[PDB]
Amino acid sequence: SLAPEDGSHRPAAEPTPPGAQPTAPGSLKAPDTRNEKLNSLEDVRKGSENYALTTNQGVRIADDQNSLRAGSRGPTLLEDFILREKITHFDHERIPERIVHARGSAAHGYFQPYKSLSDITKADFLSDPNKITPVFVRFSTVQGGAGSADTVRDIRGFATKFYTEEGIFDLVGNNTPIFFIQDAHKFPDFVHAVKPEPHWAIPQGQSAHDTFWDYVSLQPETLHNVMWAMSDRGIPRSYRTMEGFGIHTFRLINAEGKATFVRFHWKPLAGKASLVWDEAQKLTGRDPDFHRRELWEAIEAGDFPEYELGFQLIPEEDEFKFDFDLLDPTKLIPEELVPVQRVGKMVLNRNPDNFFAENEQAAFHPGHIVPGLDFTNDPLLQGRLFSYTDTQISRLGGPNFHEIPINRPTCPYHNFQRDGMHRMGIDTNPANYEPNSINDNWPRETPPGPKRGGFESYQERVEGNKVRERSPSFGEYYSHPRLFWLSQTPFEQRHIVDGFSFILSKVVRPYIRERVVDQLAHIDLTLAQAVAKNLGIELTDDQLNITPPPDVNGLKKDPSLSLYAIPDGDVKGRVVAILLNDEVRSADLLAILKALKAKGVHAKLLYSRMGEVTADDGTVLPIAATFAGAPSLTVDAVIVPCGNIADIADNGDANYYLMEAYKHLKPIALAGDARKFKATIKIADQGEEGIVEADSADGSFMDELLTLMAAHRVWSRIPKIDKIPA
Amino acid sequence: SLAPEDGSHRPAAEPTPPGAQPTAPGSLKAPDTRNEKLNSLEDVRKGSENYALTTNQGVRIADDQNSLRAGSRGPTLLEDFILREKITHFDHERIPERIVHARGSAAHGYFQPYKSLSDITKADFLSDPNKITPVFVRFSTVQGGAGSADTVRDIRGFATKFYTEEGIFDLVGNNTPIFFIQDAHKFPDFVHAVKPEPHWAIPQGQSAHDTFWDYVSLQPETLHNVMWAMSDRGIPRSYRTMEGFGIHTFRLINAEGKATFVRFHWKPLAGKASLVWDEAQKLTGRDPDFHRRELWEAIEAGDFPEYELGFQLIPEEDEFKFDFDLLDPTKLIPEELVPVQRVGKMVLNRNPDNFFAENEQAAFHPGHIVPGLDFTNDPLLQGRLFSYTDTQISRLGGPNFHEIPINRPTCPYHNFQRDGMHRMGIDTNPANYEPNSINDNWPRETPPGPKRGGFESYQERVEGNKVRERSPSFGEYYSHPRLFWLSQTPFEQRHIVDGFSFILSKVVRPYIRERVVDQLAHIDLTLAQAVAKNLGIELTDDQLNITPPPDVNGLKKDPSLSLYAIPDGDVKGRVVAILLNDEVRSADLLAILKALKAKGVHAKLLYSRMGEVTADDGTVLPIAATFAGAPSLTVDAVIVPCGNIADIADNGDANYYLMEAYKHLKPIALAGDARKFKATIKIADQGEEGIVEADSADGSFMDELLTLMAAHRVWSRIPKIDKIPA
Amino acid sequence: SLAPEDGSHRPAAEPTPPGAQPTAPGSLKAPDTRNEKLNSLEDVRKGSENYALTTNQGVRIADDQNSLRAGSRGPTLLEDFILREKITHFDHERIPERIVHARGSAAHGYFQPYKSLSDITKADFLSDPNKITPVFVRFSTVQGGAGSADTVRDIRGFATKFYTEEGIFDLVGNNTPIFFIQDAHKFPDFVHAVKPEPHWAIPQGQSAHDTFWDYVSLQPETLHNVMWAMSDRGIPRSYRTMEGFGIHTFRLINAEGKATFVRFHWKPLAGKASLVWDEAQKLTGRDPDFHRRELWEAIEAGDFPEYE
Amino acid sequence: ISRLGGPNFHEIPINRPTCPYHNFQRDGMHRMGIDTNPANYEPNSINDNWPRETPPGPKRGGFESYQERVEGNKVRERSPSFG
Ligand code: HEM
Ligand code: HEM
Ligand code: HEM
């Protein structure tokens, strides 16, 4: 038998910290985590243990190692149906990846409201706090292929499928509150410009190329989302630590028929946190699956991703009360003007069993609404409603994609639609049309109503000529980018400048760089000059003279637009690298591990080889990874306990570990003779804010380090990192 | 509520004769008819009564009569996701039809062996007479599309899927015991020659065109199956009244590893019966769905199609004992040489619920065998094994077609195949490869053995060089055609001559007709002369002198090759037209209807209009159809009861009804004054064989009519019909 | 050589009456008949005479009569790439038929206006009586599949693709001047009710069944087109002898921007003529390809279908 | 067949031979080539059997497999020489 005697092949079916066990299909890892959607998938889950290997026709296979041949050195025979079924299935495994958002990672969970919303919406899923709705959520990047890296600079997708009692609602959002373009007719142009260029299909997962910046320079409506992408919002630490937005204004409709405009928000209960660029880019090379891994291992540990759903609500009479058009998806609604009302909480608590069957095949579409919601005339939303139904026809093979298990509603569905490729449902209705007498008109229409009623559009007044024309109210491009800029902390503004500077340096045609700097000068001169200086460009007098755009309804900043201005840090689910030596001070390691456990912070024990080392008191410590195998890129903070520090003092890899973490603004803590490493990061004898140092690891050394971790990164260190060659 | 208040819209859920009630889905017509496969389809059967109409996402629809528009006379809006989901699904309802056998009709049933065959085969489904195997059978024509007519002249397909406990076994046969060609490499040539011609796509459902006979004239191997297609075997009365054959020699393998050669047969328990050509061709116009309809209505009546499986068995030591090669699919094995041993019984006892989902998506493939069976080197079989797997990947949309509910095994299936379009099964196995340790190598290979073993091929010796070469043993083309011809009755030989004569008359290029006639002269000079005379062709002295091919192992005829030489008539399930008048003798009608009921023979009451007529004694007679609506083509015999004959005596439709029935050799019975119709069909005063006549329908009138019905048709009338203008 | 000595295997490349010669591909039957669209298809026309038989990769085949096997009575070998290519292509011949109007018959031709219509429309194809526009036209039935019969009782389609200098215009019409239903939302209902019923897939090519009349009886907007279908309009003699209509009101827009409402009509220059029902129905059995054949043969004879 | 959408992938321009190709195969999704041969089968007489098979030869001949000797039983077995 091939499994090891000791049973160490099999992960424990209990939550465990990252790296402690091999990861596993969600139903094997967490068999008692259930919701109505996960339970309904039971009819299609297939096991394996104790079953005979068969063909797809149920024929048991005797020899799965050899083709059938004429003699054991002879030709393969065409009658080998076993070989050919197995190779045919393999030959046809792939399906088209998504046209955008092809790279994505997904989990099961549930949603529950905090109170009934029946005064604003008759949506059944929001009617009662004890109504639990299963969800399936997929997070994604935008530009790269399904095989591209996770920690690129990109917008991120945040798509949620609610399996409600009155239908599937998909909330298909992103991690920034606006889009790049105004009208869906432009989407193939913008997407072509950002995707790999058509001659040579370079670059992957990057906007750092001429075509993108050509389009941006000629389409200033893109400048607002460009500012977000260039900020640290473009490189989140985790899907758990980014915001989500629906972007468009939609409508809530109550049982009285009153419409309220809404924009949707997701607020991360782990707080907001992003990488820095150098770290992000390096992480695409050292772990291109970092975000997929982080999400799966968080759920396996019980560090469930949690988000609060939020609504910005604007009465119908206030449609024209702002400086910008509510229908314009390049404009955000500042939370200073319209606060976010917190409406419920979503928890993602179970990984899929099979990536392909549940994540790759999942189909989300913003036109999947339910009674109690309605659309608006936002012209980007309007065109999206067409695109998602259409693309699913080729990507998923035909018009029965709703019968793919992950996409099936959990509520009833009955109608007169029939056939299509890979039809699963076998209809018994004598009628396949209505009106019909032969089945007494079943299934029947249902009038709209306050609950379980049929869908009826809000009777919005339409008045105008049939025109292909952009609303003049959408023609203002610079005041939102300026508001976002002025709402950033000084360090966030510096990262924006550096984002633009690094990227535009990779544009080959210099006039495109100059055209973009000209657009920046319409937003903010300080920004425009700081980017220009890095590109060797000089602003003209005309450019130094452009009048700033106006404030937004009297606002010259909104701190809700910054990642870091208002503290919201949570250390639960973060990870620290502990750099070991061959006789660790065991009292340091006890203290550290204890303090980390108390806050839900994981640790990884690192050394120069695998296996184990022995602590001063004889404790055997198991090594998780090498210095070079689990780089500082992958952790939040680094601790070096006392002991035989000469063992690692001259280890290039250990030195570099600390140089890299320092450069990336991560908290570092040094105990006892570990303080010899201060030399490598150039720290004055008297200490520096963000380096924790003491004679040993006592309770106070840990409180200080965990305080640095709650603030995420040590922004005050930025002017000091220039001198470190890392 | 649109249903009539009397509930007449819904058919009774109990057996009823053809036409008595509207037809229905099999689970609503016969809910208590169950088998293991029909029970396993419960998970995908969808009802309808009492359910709300929804989108495929489960959203209730309020108004399924209107698109969303800006104003009730305004333009339709892109945001109507309900209109677009409904039209998108409709727009994608069609899938490719089968490349051959596109037109076919199917039903569910079950099979049981009469005794255990474990001495000759370890096949589980043949191991125990109390083992019931569910089946799904599809009957088909070969050339025409899925919308072509049923009663064309063509070979028929007879495909049976056995859902066994050790795997699906598909026995994919035809209604003749040989095929047209020897090696699969020719199959696209042959099928292209018989299909509609490629410039204009004509003719549908017919071999009566130049390309077919061009290929035949140049490929004498085809002549044997051509003889059968030109005979009345090419125009079966019903799928219930044709034979089936697997054509190829296969092997049975027993638990001791002994191989026995086998050819598969199905014998129709209802007997063998065919139409005549003019009737068949007329019926393609008046009811192009006649065989589909007859199959479905026989099942709803309780007249279940029954067939007996039988095997012709030949020991391995006797492979070379015949004048023909066992591996040559253009050669039959005469039952006089190798008798068919009865093996078991198949009953088809339930119709599908949804034709598309179950019939159209069904996939049969002769490579689907189970342990206990194996292949031989028949070069036509060997190529089929490649084709069915391949075609199904495009027809059914991908490699997961075994997950379509009709195709699923009822036994366990587990393996390491993953993904593909339309993937339903969600695999939870940690491993997707073997050998593996992480799942202790499950699912595991199973050694071969007497029961529940893995499949291993019979270790047949192969010896020879890699060649593209036809075996010289296959190089004989005329002896089997001659054996078939000499085995037919004189009236069957007349119909074969008429078959060739009518069909070659449609070949436009006369030299092709002359080439076919020359091939006939190598089969039998009497056949060749009779066909030449009809075509205005004179055989040359050379042709008159071709020597006949040899007898087949000493045989000069085998009566098992004729439809009619050995009586096997069965009247149950047949149908008689009764031509009413406005004052029917009610005592005639009582005697006629009860005698037919007692033998399971159906009746259809016909008149010149719909509604009712009233018999001499006041009995109200409900009319099934008019004389034009339900022509004689659709019944087996015609009865005219006494009454007011002058009512119908001058009705051109009634007279022509009898003229057509008479021409087509059907029994006709005339009571009382109905004898006045003797002048219409030119019957002598003292009467003639095949016309039943009496003063009333009492005494022996119905027994005499039923005796004629058991003989099927009045062959003795053939020389009398040439004169009547019908 | 397999052809007969006298050359009678090959139809004359001149106009001939129906039945005088075997029918043939248009470019072989009428090589001097050309238009801009027929010429443009030259890049993809493939001949055959004097060429070697090859795989799709251009490899010449020596023996197209046999699979590769180990001995001449032995098993077929997986390395036979010639057999597998030929059988792969055959196995993948079919594509889905059209959801409606799956049975149809088509020909090439040309159009030209009698006079410029520039007062009412700027459409370039209507701008000059001497500017000829190629067309491709398909006629069809509605309900039956691609292999159903021609002379059923049904509405007929009349679809014309005009290959204009300013883009393709498709006029996709039928042979009666109205449709059965008012709103496209109901089309899948109406089509389902007319098509073969879902349990047993019967009847083909026929509205003579319960579901269709159930729908009609509950949707009186259907009655107009039902009248046309029940008249001898439902059974035309030929596609040359029926009317065509676009059904919907469309607009014409001239250079000054003026809109005029328009309905489109085709008038058959051969006249209007239909079968009688007993004839139509028997002809579905004796020649289910009657209209397809009659159209192709009229064109081979020089009796070109003409419409106004 | 599934990656490139059907059996006519040799007609996608990059995959096309530059040398002649002619046979009796027809149809399939995405069919570009418009065949004018009156026959779509062989042997035929109606187009004098063209396009025709070609015997093997030193240049420009038909493909024939090398006539390697095959001898053994039908087995699913690795050759011991591979172990
Ligand atoms: C506010 C603007 C938009 C946002 C927030 C948005 C968000 C997303 C997200 C999150 C996904 C990935 C869903 C998944 O995980 O499977 C997605 C996929 C997609 N988006 Fe959008 N998108 C926007 C605009 C558009 C526009 C204007 C179009 C086209 C008109 C479009 C067409 C698509 C298509 C074709 C896919 C692939 C869907 C699939 O294959 O199932 N997107 N988008
Ligand atoms: C003894 C000779 C043969 C018999 C008895 C036979 C019988 C049949 C039958 C009954 C069907 C229809 C199964 C159904 O109802 O779905 C069928 C379909 C098929 N046949 Fe065969 N056949 C023969 C030879 C061949 C050969 C030589 C090839 C190709 C090498 C072939 C390729 C096909 C294909 C592609 C289909 C359609 C299968 C599908 O789409 O699922 N047939 N044949
Ligand atoms: C005025 C009413 C209509 C007329 C005159 C009409 C006419 C036709 C004709 C002549 C064709 C066949 C074109 C060809 O030869 O390939 C066709 C195909 C079709 N029709 Fe319409 N039709 C009408 C209404 C509709 C409606 C309301 C819909 C759906 C909303 C529709 C959907 C289709 C579809 C899906 C096809 C198949 C087209 C293809 O596969 O290329 N038809 N129709």
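Heavy-atom basis, side chains included; hydrogens, waters and symmetry copies ignored. Numbered from 1 within each chain, the chains take letters A, B, ... in sequence-line order.
- Below 30°, between 30° and 60°, or above 60°: for A/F136 and A/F364 the angle between ring planes is below 30°, a parallel geometry.
- Annotation for A/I438 and B/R10: closest pair O-NH2, 3.7 Å, computed over non-hydrogen atoms.
- Looking at B/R292, its side chain does come within 3.5 Å of a backbone N or O of C/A201 through a donor-acceptor pair.
- The minimum heavy-atom distance between B/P96 and C/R94, with the atom names listed, is CB-O, 3.7 Å.
- A salt bridge does not link B/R395 to C/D91: none of the charged nitrogens lies less than 4.0 Å from a carboxylate oxygen.
- For the pair B/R69 and C/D183, the salt-bridge criterion is met [side-chain N within less than 4.0 Å of a carboxylate O].
- Ring orientation note: the planes of C/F187 and C/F179 are tilted relative to one another, at an angle of 30° to 60°.
- Electrostatic pairing of A/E166 and A/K451 does not count as a salt bridge here, judged by no charged N lying under 4.0 Å from a carboxylate O.
- C/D170 and C/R138 are not joined by a salt bridge, as no carboxylate oxygen comes within less than 4.0 angstrom of a charged side-chain nitrogen.
- Taking a 6.0 Å sphere around CZ of A/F386, one finds it holds 12 or fewer heavy atoms contributed by other residues, nucleotides or ligands.
- Between the side chain of B/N354 and the backbone N or O of A/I426, no donor-acceptor pair lies under 3.5 Å.
- Residues B/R84 and A/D390 are not paired through a salt bridge, judged by the lack of any N-O separation under 4.0 Å between the basic side chain and the carboxylate.
- Checking side-chain atoms of A/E93 against main-chain N and O of B/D419 turns up no donor-acceptor pair under 3.5 Å.
- A donor-acceptor distance shorter than 3.5 angstrom exists from the side chain of A/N415 to the backbone of B/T54, with no hydrogens or angles considered.
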Evaluation steps, side chain to side chain contact (heavy atoms under 4.5 Å, CB included), between A/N436 and B/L2: CA-CA 7 Å; A/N436 68 78; B/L2 301 182; over 6 Å; no
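- Relative orientation of the A/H248 and A/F250 rings is perpendicular, given thresholds of 30° and 60° on the angle between their planes.
- Between A/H414 and A/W442, the gap from one ring centroid to the other reaches at least 6.0 Å.
- The main-chain N or O of A/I168 is never found under 3.5 Å from a side-chain atom of A/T164 such that the two would form a donor-acceptor pair.
- Taking the six-membered ring for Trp and the full ring otherwise, the centers of C/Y215 and C/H192 sit at least 6.0 Å from each other.
- Here the side chain of A/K37 pairs no donor or acceptor atom with the backbone of A/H108 at under 3.5 angstrom.
- Contact check on A/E456 versus B/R60 returns no salt bridge, with no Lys/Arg side-chain nitrogen under 4.0 Å from an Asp/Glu carboxylate oxygen.
- Under the 4.0 Å criterion applied to side-chain N and carboxylate O atoms, A/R423 and A/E403 are assigned as salt-bridge partners.
- Salt-bridge annotation for C/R103 and C/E97: absent, with no side-chain N of the basic residue lying under 4.0 Å from a carboxylate O of the acidic one.
- B/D64 and C/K186 get closest at one heavy-atom pair: O-NZ, 3.4 Å.
- Heavy atoms from other residues, nucleotides or ligands lying under 6.0 Å from OH of B/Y51 number 12 at most.
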A/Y433 and A/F416: CA distance, side-chain angles, deciding distance, ring pair (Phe, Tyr, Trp, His ring centres under 6.0 Å) verdict: CA-CA 6 Å; A/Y433 56 101; A/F416 297 98; 7.3 Å; no
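- For A/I99, the CD1 atom counts as loosely surrounded, since its 6.0 Å shell holds 12 or fewer non-hydrogen atoms of other residues, nucleotides or ligands.
- The closest donor-acceptor contact from the side chain of A/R98 to the backbone of A/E360 lies under 3.5 Å.
- A side-chain donor-acceptor contact under 3.5 Å links B/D353 to the backbone of B/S27.
- A side-chain donor-acceptor contact under 3.5 Å links C/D189 to the backbone of A/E434.
- In this structure, NE2 in B/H422 is found 13.5 Å from NE2 in A/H92, a value given to the nearest 0.5 Å.
- Under 4.0 Å is where a charged nitrogen must lie from a carboxylate oxygen, and between A/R384 and A/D378 no such pair does.
- Partners of B/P75 according to the side-chain contact (heavy atoms from CB on, under 4.5 Å) rule, which considers only residues two or more places apart in sequence or in another chain, are A/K466, B/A70.
- Note on ring orientation: taking the six-membered ring where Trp is involved, the planes of A/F125 and A/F169 are tilted (angle from 30° to 60°).
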